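Student: Need a 3D model of the sequence below.
(one chain, ligands or ions: 3)
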Amino acid sequence: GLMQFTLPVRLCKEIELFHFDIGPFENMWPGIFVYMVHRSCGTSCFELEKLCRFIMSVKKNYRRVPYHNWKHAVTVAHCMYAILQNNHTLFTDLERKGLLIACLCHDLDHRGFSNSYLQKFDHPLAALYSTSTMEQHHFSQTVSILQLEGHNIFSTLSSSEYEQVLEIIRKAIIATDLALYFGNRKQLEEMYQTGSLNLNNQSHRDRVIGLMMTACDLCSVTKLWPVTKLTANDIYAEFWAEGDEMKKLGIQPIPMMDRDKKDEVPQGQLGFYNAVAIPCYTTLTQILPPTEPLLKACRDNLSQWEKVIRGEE
Ligand SMILES: Cc1ncc(C)n2nc(CCc3nc(N(C)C4CC4)nn3C)nc12
Ligand SMILES: [Mg+2]
Ligand SMILES: [Zn+2]
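Tutor: Numbering: from 1, shown residues only. Ligands and ions are numbered 1, 2, ... in the order given. Sharing the structure here:
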């Protein structure tokens, strides 16, 4: 009850920054996450014993794939923590509780393949969920783990608060389907520009939380250049494995996933930063001004990919 998690001084200071890297020591990631829940939400949000037991069941249900792993889960939750801390008063007690949990859970039991590969392989999950296949699976795995004995971290919530937080988590996780991001940002762009955007409109909040989820999920592009560059290697290791599997089904993969087009990675990153990342962090900065450091970091990393193409590294 009187038990504060603290971190060594360098982590205690740097964890507050958007560009924080959670480091290579796997055994400190749970402590880091708990530290963030305590400062974001309070020491009273969750029964510590249940939270720790929930964190370790979430960890056990992420796989040893190169990118969509437990490190990704905690990284995406840290980005959300920074957004929530820099926008203290804009979010409800339930949203603060629900979103950190949503981020930790958003890629639960990922196998390192896109919704497309599941559909072209005819994986059973593609018959159970026709769109946002993995993302409906991820939410499903979240509910399963919440229903394990000693794991219901929301037990102190009311019947209606409980349903509200599970619905925040569902929409948050669904929104990490990048196919849904483009439309969601286009609507937010217009609503902000015409001045119709209203954070008392629940459907407006939904869209804004959805954009925060895309921002957090993509935050590898907002890190110091060496973190950004080395995460890109992990991202392509999954994509190229998927490309190999596409070829095994007798299908030319998209260039993104073809390890034979390694040479084109720098140009593919430019496309990605211009089509996806920059517009994402731009719109987010408009709606939530204190998130500007994510936009600024993203533009710096774009400029580093430009330098790679020009042979200056
Ligand atoms: C950094 C990051 N974070 C999240 C995600 C989902 N991605 N996806 C990419 C791939 C981007 C991309 N690469 C290509 N290549 C290499 C084609 C051969 C030319 N095309 N495109 C669009 N990078 C990210
Ligand atoms: Mg995902
Ligand atoms: Zn993710």
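
Student: Helices of the stretch 1-150 of the chain, start to end?
Tutor: 9-14, 29-40, 48-60, 70-85, 93-105, 115-121, 124-128, 133-147 (DSSP state H, counting those that start in this stretch).

Student: what sits up against the longest one?
Tutor: Judged by CB atoms under 8 Å, 6 or more residues apart in numbering, the contacts made with helix 70-85 from elsewhere in the structure are 15-18, 20, 22, 26, 29, 32-33, 36, 39-40, 58-59, 62, 91, 96, 99-100, 102-108, 212-213, 215-217, 219-220, 222, 288, 291, 294. In short, each C-beta sits where N, CA and C put it, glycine included.

Student: Give me the buried entries from these.
Tutor: Buried members of the contacts of helix 70-85, scored by 16 or more other CB atoms under 10 Å, are 15, 18, 20, 22, 29, 32-33, 36, 39-40, 58-59, 62, 91, 96, 99-100, 102-108, 212-213, 215-217, 219-220, 222, 288, 291, 294.

Student: hang on, the earlier thing: quick one: closest of the helices of the stretch 1-150 of the chain to ligand 1.
Tutor: Of all the helices of the stretch 1-150 of the chain, it is helix 70-85 that lies closest to ligand 1, at 10.2 Å by CB to the nearest ligand atom.

Student: Centre of the chain to that closest one, how far?
Tutor: With CA atoms, centre = their mean, to the nearest Å as the basis, helix 70-85 stands 7 Å off its chain's centre.

Student: ditto for stretch 35-47
Tutor: 20 Å.

Student: and the gap between the nearest residue to residue 15 once chain neighbours are set aside and ligand 1?
Tutor: Sequence neighbours aside, residue 7 is the residue nearest to residue 15 in space, at 6.5 Å (criterion: CB to CB, 6 or more residues apart in numbering). According to CB to the nearest ligand atom, to the nearest Å, residue 7 and ligand 1 sit 27 Å apart.

Student: quick one, phi/psi of the residue of the stretch 151-300 of the chain found nearest ligand 3?
Tutor: Nearest to ligand 3, among the residues of the stretch 151-300 of the chain, is residue 217, at 4.4 Å (CB to the ion). As for residue 217, its main-chain torsions (degrees, to the nearest 10) stand at phi -60, psi -30.

Student: and if you look at residue 154?
Tutor: phi -100, psi 10.

Student: I'd assumed residue 34 was in contact with residue 55.
Tutor: Yes: if you go by CB atoms under 8 Å, residue 55 and residue 34 touch, sitting 7.2 Å apart.

Student: out of these two, which sits in the busier spot?
Tutor: residue 55 (23 against 17; other CB atoms under 10 Å).

Student: who touches that one in this structure?
Tutor: Residue 55 touches 30, 33-34, 104, counting by CB under 8 Å, 6+ apart.

Student: Spell out which parts of the protein neighbour ligand 1.
Tutor: 218, 220-221, 232, 235, 255-256, 261, 264-265, 267-268, 271-272 (CB under 6 Å from any ligand atom).

Student: Now the two most distant members of the residues you listed.
Tutor: 218 and 261 (21.8 Å; CB to CB).

Student: tell me, how many neighbours does whatever residue of the stretch 151-300 of the chain ends up closest to ligand 2 end up with?
Tutor: Per CB to the ion, residue 176 is where the stretch 151-300 of the chain lies closest to ligand 2, at 4.8 Å. For residue 176, the neighbour count with other CB under 10 Å is 24.
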